[PDB]
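Okay, work03.cif now, which holds mmCIF, C-alpha atoms and all ligand atoms:
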```
data_entry
loop_
_atom_site.label_atom_id
_atom_site.label_comp_id
_atom_site.auth_asym_id
_atom_site.auth_seq_id
_atom_site.Cartn_x
_atom_site.Cartn_y
_atom_site.Cartn_z
CA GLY A 1 -159.34 -29.27 21.18
CA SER A 2 -159.59 -28.21 24.81
CA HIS A 3 -158.34 -24.60 25.00
CA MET A 4 -158.19 -24.11 28.75
CA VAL A 5 -157.40 -20.38 28.60
CA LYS A 6 -160.18 -19.89 26.05
CA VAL A 7 -162.65 -21.74 28.28
CA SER A 8 -161.87 -19.27 31.04
CA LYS A 9 -162.35 -16.20 28.84
CA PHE A 10 -165.48 -17.74 27.37
CA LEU A 11 -166.62 -18.61 30.89
CA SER A 12 -166.35 -15.07 32.18
CA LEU A 13 -168.47 -14.12 29.24
CA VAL A 14 -171.03 -16.88 29.52
CA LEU A 15 -171.86 -17.21 33.25
CA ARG A 16 -171.20 -13.60 34.00
CA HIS A 17 -172.81 -11.77 31.07
CA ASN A 18 -174.68 -13.93 28.70
CA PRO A 19 -175.32 -17.57 29.66
CA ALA A 20 -177.29 -18.08 26.49
CA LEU A 21 -174.22 -19.22 24.57
CA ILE A 22 -174.06 -22.51 26.04
CA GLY A 23 -177.39 -22.41 27.68
CA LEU A 24 -176.14 -21.79 31.12
CA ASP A 25 -178.66 -21.33 33.86
CA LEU A 26 -178.09 -18.60 36.36
CA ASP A 27 -179.18 -18.67 39.96
CA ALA A 28 -180.50 -15.85 42.09
CA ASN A 29 -177.32 -15.96 44.01
CA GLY A 30 -175.38 -15.38 40.78
CA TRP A 31 -174.16 -18.93 40.54
CA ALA A 32 -174.22 -21.32 37.64
CA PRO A 33 -174.26 -25.09 37.78
CA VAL A 34 -170.88 -26.33 36.73
CA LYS A 35 -172.37 -29.53 35.61
CA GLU A 36 -174.40 -27.49 33.09
CA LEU A 37 -171.47 -25.28 32.43
CA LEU A 38 -168.97 -27.74 31.26
CA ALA A 39 -171.60 -29.95 29.59
CA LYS A 40 -173.22 -27.20 27.64
CA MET A 41 -169.98 -25.41 26.78
CA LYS A 42 -168.46 -28.81 25.85
CA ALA A 43 -171.09 -28.90 23.11
CA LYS A 44 -170.09 -25.30 22.41
CA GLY A 45 -166.79 -26.71 21.19
CA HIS A 46 -164.70 -26.68 24.32
CA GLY A 47 -164.35 -30.36 25.16
CA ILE A 48 -163.70 -30.02 28.83
CA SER A 49 -164.77 -32.26 31.65
CA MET A 50 -165.87 -31.26 35.21
CA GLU A 51 -162.35 -31.11 36.57
CA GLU A 52 -161.09 -29.39 33.46
CA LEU A 53 -163.53 -26.56 34.14
CA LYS A 54 -162.40 -27.01 37.78
CA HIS A 55 -159.03 -26.15 36.37
CA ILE A 56 -160.50 -22.90 34.91
CA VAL A 57 -162.08 -22.08 38.23
CA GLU A 58 -158.77 -23.20 39.81
CA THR A 59 -157.21 -20.30 37.94
CA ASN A 60 -159.77 -18.09 39.85
CA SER A 61 -156.55 -16.75 41.58
CA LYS A 62 -157.17 -13.20 40.22
CA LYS A 63 -160.32 -13.27 42.36
CA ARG A 64 -162.73 -13.72 39.52
CA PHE A 65 -164.17 -17.25 40.10
CA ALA A 66 -165.25 -19.59 42.91
CA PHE A 67 -166.45 -23.10 43.23
CA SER A 68 -168.70 -25.04 45.61
CA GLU A 69 -168.38 -28.27 47.75
CA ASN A 70 -168.95 -30.90 45.03
CA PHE A 71 -167.55 -28.30 42.67
CA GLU A 72 -170.90 -28.64 40.92
CA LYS A 73 -171.64 -24.94 40.91
CA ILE A 74 -169.46 -21.97 40.11
CA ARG A 75 -169.76 -18.27 40.46
CA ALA A 76 -167.67 -15.88 38.61
CA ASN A 77 -167.12 -13.13 41.09
CA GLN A 78 -166.58 -9.97 39.18
CA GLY A 79 -168.81 -7.55 37.39
CA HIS A 80 -168.75 -4.05 38.56
CA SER A 81 -165.31 -4.75 39.81
CA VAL A 82 -164.59 -1.98 42.24
CA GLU A 83 -162.68 -4.43 44.37
CA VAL A 84 -163.87 -7.58 43.09
CA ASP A 85 -167.50 -8.15 43.82
CA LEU A 86 -168.74 -8.29 47.36
CA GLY A 87 -171.21 -5.47 47.39
CA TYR A 88 -170.76 -2.96 44.63
CA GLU A 89 -173.91 -3.61 42.58
CA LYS A 90 -174.91 -0.87 40.18
CA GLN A 91 -178.20 -0.01 41.70
CA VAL A 92 -180.32 3.12 41.72
CA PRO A 93 -177.68 5.86 42.35
CA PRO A 94 -178.70 8.87 44.45
CA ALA A 95 -177.13 12.09 43.37
CA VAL A 96 -177.31 13.74 46.75
CA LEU A 97 -175.95 11.68 49.56
CA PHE A 98 -175.70 12.30 53.28
CA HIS A 99 -172.92 11.06 55.53
CA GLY A 100 -172.58 11.16 59.19
CA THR A 101 -169.30 11.93 60.67
CA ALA A 102 -168.08 13.48 63.89
CA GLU A 103 -166.93 16.99 64.77
CA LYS A 104 -163.20 16.74 65.52
CA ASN A 105 -162.67 14.58 62.55
CA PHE A 106 -165.12 17.04 60.94
CA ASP A 107 -162.35 19.52 60.82
CA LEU A 108 -160.30 16.74 59.29
CA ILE A 109 -163.06 15.53 56.82
CA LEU A 110 -164.13 18.92 55.71
CA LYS A 111 -160.51 19.77 55.20
CA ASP A 112 -159.59 16.58 53.30
CA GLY A 113 -162.93 15.02 52.30
CA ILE A 114 -164.30 11.50 52.59
CA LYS A 115 -161.72 9.68 50.56
CA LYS A 116 -159.35 6.74 50.33
CA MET A 117 -158.57 5.65 53.88
CA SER A 118 -158.84 2.11 52.57
CA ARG A 119 -159.08 0.78 48.99
CA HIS A 120 -162.40 2.11 47.55
CA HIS A 121 -163.79 3.44 50.68
CA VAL A 122 -166.43 6.09 50.58
CA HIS A 123 -169.67 4.88 51.92
CA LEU A 124 -172.01 7.67 52.76
CA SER A 125 -175.19 7.53 54.80
CA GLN A 126 -178.41 6.39 53.19
CA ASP A 127 -180.54 8.27 55.68
CA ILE A 128 -180.20 11.41 57.73
CA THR A 129 -181.00 9.59 61.00
CA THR A 130 -178.33 6.94 60.46
CA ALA A 131 -175.89 9.70 59.48
CA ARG A 132 -176.28 11.51 62.75
CA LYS A 133 -176.36 8.21 64.65
CA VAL A 134 -172.94 7.17 63.35
CA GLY A 135 -171.49 10.61 63.97
CA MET A 136 -172.29 10.17 67.67
CA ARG A 137 -169.64 7.39 67.73
CA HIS A 138 -166.83 9.89 68.24
CA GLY A 139 -168.87 12.35 70.18
CA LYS A 140 -170.60 15.15 68.43
CA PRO A 141 -171.99 14.44 64.96
CA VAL A 142 -172.07 16.44 61.79
CA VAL A 143 -173.87 15.48 58.67
CA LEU A 144 -171.91 15.91 55.51
CA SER A 145 -174.15 15.67 52.49
CA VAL A 146 -172.60 15.88 49.03
CA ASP A 147 -174.51 18.10 46.69
CA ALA A 148 -176.19 16.04 44.02
CA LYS A 149 -175.36 18.67 41.51
CA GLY A 150 -171.63 18.43 41.90
CA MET A 151 -171.58 14.66 41.76
CA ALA A 152 -174.21 14.02 39.12
CA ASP A 153 -172.55 16.68 36.95
CA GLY A 154 -169.17 15.21 37.84
CA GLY A 155 -170.25 12.03 36.10
CA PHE A 156 -170.11 9.97 39.21
CA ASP A 157 -172.14 6.86 39.24
CA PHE A 158 -172.66 5.57 42.68
CA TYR A 159 -173.06 2.03 43.92
CA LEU A 160 -174.40 0.39 47.05
CA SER A 161 -173.19 -2.33 49.33
CA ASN A 162 -175.32 -5.04 51.05
CA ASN A 163 -176.39 -2.74 53.93
CA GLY A 164 -178.10 -0.41 51.38
CA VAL A 165 -175.44 2.20 51.96
CA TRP A 166 -174.46 4.76 49.31
CA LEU A 167 -170.91 4.46 48.05
CA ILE A 168 -168.86 6.77 46.00
CA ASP A 169 -165.28 6.40 44.84
CA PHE A 170 -164.21 9.69 46.36
CA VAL A 171 -165.87 12.74 47.75
CA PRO A 172 -163.68 15.82 48.06
CA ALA A 173 -165.21 17.95 50.80
CA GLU A 174 -165.72 20.79 48.47
CA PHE A 175 -168.65 18.73 47.10
CA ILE A 176 -169.60 17.91 50.63
CA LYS A 177 -172.14 20.08 52.21
CA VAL A 178 -171.96 20.46 55.81
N1 LIG A 201 -173.32 -0.20 60.09
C1 LIG A 201 -173.00 -0.86 59.00
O1 LIG A 201 -173.05 -2.08 58.92
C2 LIG A 201 -172.55 0.00 57.78
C3 LIG A 201 -172.23 -0.65 56.56
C4 LIG A 201 -171.82 0.10 55.48
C5 LIG A 201 -171.72 1.44 55.57
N2 LIG A 201 -172.02 2.12 56.70
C6 LIG A 201 -171.89 3.60 56.64
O2 LIG A 201 -170.60 4.07 57.14
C7 LIG A 201 -170.87 5.26 57.94
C8 LIG A 201 -170.75 4.87 59.41
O3 LIG A 201 -169.37 4.74 59.78
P1 LIG A 201 -168.48 3.49 59.27
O4 LIG A 201 -169.36 2.28 59.21
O5 LIG A 201 -167.76 3.92 58.04
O6 LIG A 201 -167.45 3.33 60.47
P2 LIG A 201 -165.93 3.74 60.75
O7 LIG A 201 -165.58 3.30 62.12
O8 LIG A 201 -165.08 3.29 59.62
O9 LIG A 201 -165.98 5.36 60.75
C9 LIG A 201 -164.93 6.09 60.09
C10 LIG A 201 -164.93 7.54 60.53
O10 LIG A 201 -163.82 8.26 59.89
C11 LIG A 201 -164.43 9.32 59.12
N3 LIG A 201 -163.58 9.70 57.92
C12 LIG A 201 -163.63 9.24 56.59
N4 LIG A 201 -162.72 9.95 55.85
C13 LIG A 201 -162.19 10.76 56.71
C14 LIG A 201 -161.19 11.67 56.33
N5 LIG A 201 -160.75 11.76 55.10
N6 LIG A 201 -160.70 12.48 57.32
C15 LIG A 201 -161.21 12.32 58.58
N7 LIG A 201 -162.18 11.44 58.93
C16 LIG A 201 -162.67 10.64 57.96
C17 LIG A 201 -165.77 8.81 58.77
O11 LIG A 201 -166.67 9.85 58.40
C18 LIG A 201 -166.18 8.27 60.09
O12 LIG A 201 -166.49 9.40 60.97
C19 LIG A 201 -172.28 5.63 57.58
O13 LIG A 201 -172.36 6.35 56.32
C20 LIG A 201 -172.93 4.32 57.45
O14 LIG A 201 -174.18 4.47 56.77
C21 LIG A 201 -172.44 1.43 57.84
#
```
Step by step, read the file and then write its structure as structure tokens.
Ligand SMILES: NC(=O)c1ccc[n+]([C@@H]2O[C@H](COP(=O)([O-])OP(=O)(O)OC[C@H]3O[C@@H](n4cnc5c(N)ncnc54)[C@H](O)[C@@H]3O)[C@@H](O)[C@H]2O)c1
Amino acid sequence: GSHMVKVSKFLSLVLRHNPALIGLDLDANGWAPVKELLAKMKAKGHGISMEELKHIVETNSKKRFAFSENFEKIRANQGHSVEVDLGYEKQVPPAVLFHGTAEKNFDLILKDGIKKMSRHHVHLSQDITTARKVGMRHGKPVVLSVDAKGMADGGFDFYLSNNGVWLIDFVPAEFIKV
């Protein structure tokens, strides 16, 4: 018994999708009690102890798991893995999204579009006032709002980070409406 690699696969299924296999109990913070996890999945035919599951979470190295102080609670960080999982929850996606930017880099951003200037980068403005507010950072602002039509039709699903900001994978400026 004790298939370490299978416990990890099974883990990512149980605490991250469907805890009901082993009877895992999920927190509001998206954590699961390890103590439950190894105990309940032990009964599920895994035969691992706390540190053996700690060994699974020790193989978290692909940035898909994490453990606590006593190691008594784990979170599998992953899901809507844009990066990993720090603020990419599939929430209510707006089709039309505003984005404040500034005028000299307006020429730049309307020429190139709000795109990869970092890995998975395009956070647009959730409100017109914030849009214009952030544009003022370089000097003169311009609001660049992508037309819902182009993006909804384009099959883009959007996601939001913790600040309630509207993210898209990439907005070519042709979809952007100045
Ligand atoms: N304040 C916060 O904590 C927070 C958190 C998440 C998102 N946001 C959002 O981010 C925006 C505010 O700016 P920021 O936080 O990204 O700061 P930032 O300092 O990263 O600003 C980057 C600037 O470069 C511009 N830019 C992006 N692509 C460009 C391109 N291809 N060519 C030329 N210029 C380009 C951006 O429009 C912006 O003017 C708003 O939409 C805001 O809602 C703010």
Next item on the list: Name all residues at most 7 Å from range 85-102 of chain A (count only C-alpha atoms; drop same-chain ones fewer than 5 positions away) and give them as a ChimeraX atom specification.
Entry: /A:77-80,124-128,131-132,134-136,138-148,151-152,157-162
Taking C-alpha atoms for each residue, export the selection above as a PDB file, in the coordinates of the input.
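Final output, saved to part05.pdb:
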```pdb
ATOM      1  CA  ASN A  77    -167.120 -13.130  41.090  1.00  0.00           C
ATOM      2  CA  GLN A  78    -166.580  -9.970  39.180  1.00  0.00           C
ATOM      3  CA  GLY A  79    -168.810  -7.550  37.390  1.00  0.00           C
ATOM      4  CA  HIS A  80    -168.750  -4.050  38.560  1.00  0.00           C
ATOM      5  CA  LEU A 124    -172.010   7.670  52.760  1.00  0.00           C
ATOM      6  CA  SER A 125    -175.190   7.530  54.800  1.00  0.00           C
ATOM      7  CA  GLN A 126    -178.410   6.390  53.190  1.00  0.00           C
ATOM      8  CA  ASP A 127    -180.540   8.270  55.680  1.00  0.00           C
ATOM      9  CA  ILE A 128    -180.200  11.410  57.730  1.00  0.00           C
ATOM     10  CA  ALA A 131    -175.890   9.700  59.480  1.00  0.00           C
ATOM     11  CA  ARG A 132    -176.280  11.510  62.750  1.00  0.00           C
ATOM     12  CA  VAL A 134    -172.940   7.170  63.350  1.00  0.00           C
ATOM     13  CA  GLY A 135    -171.490  10.610  63.970  1.00  0.00           C
ATOM     14  CA  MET A 136    -172.290  10.170  67.670  1.00  0.00           C
ATOM     15  CA  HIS A 138    -166.830   9.890  68.240  1.00  0.00           C
ATOM     16  CA  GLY A 139    -168.870  12.350  70.180  1.00  0.00           C
ATOM     17  CA  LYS A 140    -170.600  15.150  68.430  1.00  0.00           C
ATOM     18  CA  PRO A 141    -171.990  14.440  64.960  1.00  0.00           C
ATOM     19  CA  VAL A 142    -172.070  16.440  61.790  1.00  0.00           C
ATOM     20  CA  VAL A 143    -173.870  15.480  58.670  1.00  0.00           C
ATOM     21  CA  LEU A 144    -171.910  15.910  55.510  1.00  0.00           C
ATOM     22  CA  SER A 145    -174.150  15.670  52.490  1.00  0.00           C
ATOM     23  CA  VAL A 146    -172.600  15.880  49.030  1.00  0.00           C
ATOM     24  CA  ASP A 147    -174.510  18.100  46.690  1.00  0.00           C
ATOM     25  CA  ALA A 148    -176.190  16.040  44.020  1.00  0.00           C
ATOM     26  CA  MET A 151    -171.580  14.660  41.760  1.00  0.00           C
ATOM     27  CA  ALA A 152    -174.210  14.020  39.120  1.00  0.00           C
ATOM     28  CA  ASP A 157    -172.140   6.860  39.240  1.00  0.00           C
ATOM     29  CA  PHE A 158    -172.660   5.570  42.680  1.00  0.00           C
ATOM     30  CA  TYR A 159    -173.060   2.030  43.920  1.00  0.00           C
ATOM     31  CA  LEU A 160    -174.400   0.390  47.050  1.00  0.00           C
ATOM     32  CA  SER A 161    -173.190  -2.330  49.330  1.00  0.00           C
ATOM     33  CA  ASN A 162    -175.320  -5.040  51.050  1.00  0.00           C
TER      34      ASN A 162
END
```
Checklist line | Atomic distance CA of residue 129 in chain A - atom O9 of ligand LIG 201 (chain A), expressed in Å with one decimal | finding: 15.6 Å
Margin query: Calculated over only C-alpha atoms, which of the candidates A:19, A:30, A:164, A:47 has the smallest distance to residue 66 in chain A?
Written below: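 Closest to residue 66 in chain A of all the choices is A:30.
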Next item on the list: Go through A:51, A:27, A:103, A:174 one by one, measure the shortest atom-to-atom distance of each to ligand LIG 201 (chain A) using all atoms listed in the file, and give the residue with the smallest value.
Entry: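 Nearest candidate to ligand LIG 201 (chain A) out of A:51, A:27, A:103, A:174: A:103.
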Note to self: I'd like the contact shell of residue 48 in chain A - 9 Å cut-off, all atoms listed in the file, skipping same-chain residues fewer than 4 positions apart - returned as an MDAnalysis selection string.
What the structure shows: chainID A and resid 1:4 7 38:39 41:42 52:53
Next item on the list: Would you mind telling me which residue in A:178, A:165, A:84, A:76 lies nearest to ligand LIG 201 (chain A) when using only C-alpha atoms and all ligand atoms?
Entry: A:165
Next item on the list: Please tell me which residues are no farther than 12 Å from (-172.5, -17.3, 29.6) in the file, counting all atoms listed in the file, and write them as a PyMOL selection string.
Entry: chain A and resi 7-26+30-34+36-38+40-41+44+74-76
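The nearest approach to ligand LIG 201 (chain A) among the residues A:28, A:168, A:56, A:117, with all atoms listed in the file taken into account, belongs to A:117.
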Check: Using all atoms listed in the file, which residues sit within 7 Å of residue 170 in chain A once same-chain residues fewer than 6 positions away are excluded, as a list in words?
Finding: residues 114, 115, 116 and 122 of chain A
Check: Between A:119, A:108, A:68, A:173, which one has atoms that come closest to ligand LIG 201 (chain A), using all atoms listed in the file?
Finding: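 Smallest separation from ligand LIG 201 (chain A) among the options: A:108.
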Next item on the list: Find the distance between atom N3 of ligand LIG 201 (chain A) and CA of residue 105 in chain A and write it in Å to one decimal.
Entry: 6.8 Å
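Atom to atom, atom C19 of ligand LIG 201 (chain A) and CA of residue 175 in chain A stand 17.2 Å apart.
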Provide an axis-aligned box for all listed atoms of range 49-62 of chain A, padding each side by 8 Å; report its centre and its edge lengths in Å to one decimal, as lines of an AutoDock Vina configuration file.
```
center_x = -161.2
center_y = -22.7
center_z = 36.6
size_x = 25.3
size_y = 35.1
size_z = 25.9
```
Item checked: Selected residue of minimal separation from ligand LIG 201 (chain A) among A:5, A:171, A:57, A:109, counting all atoms listed in the file -> A:109
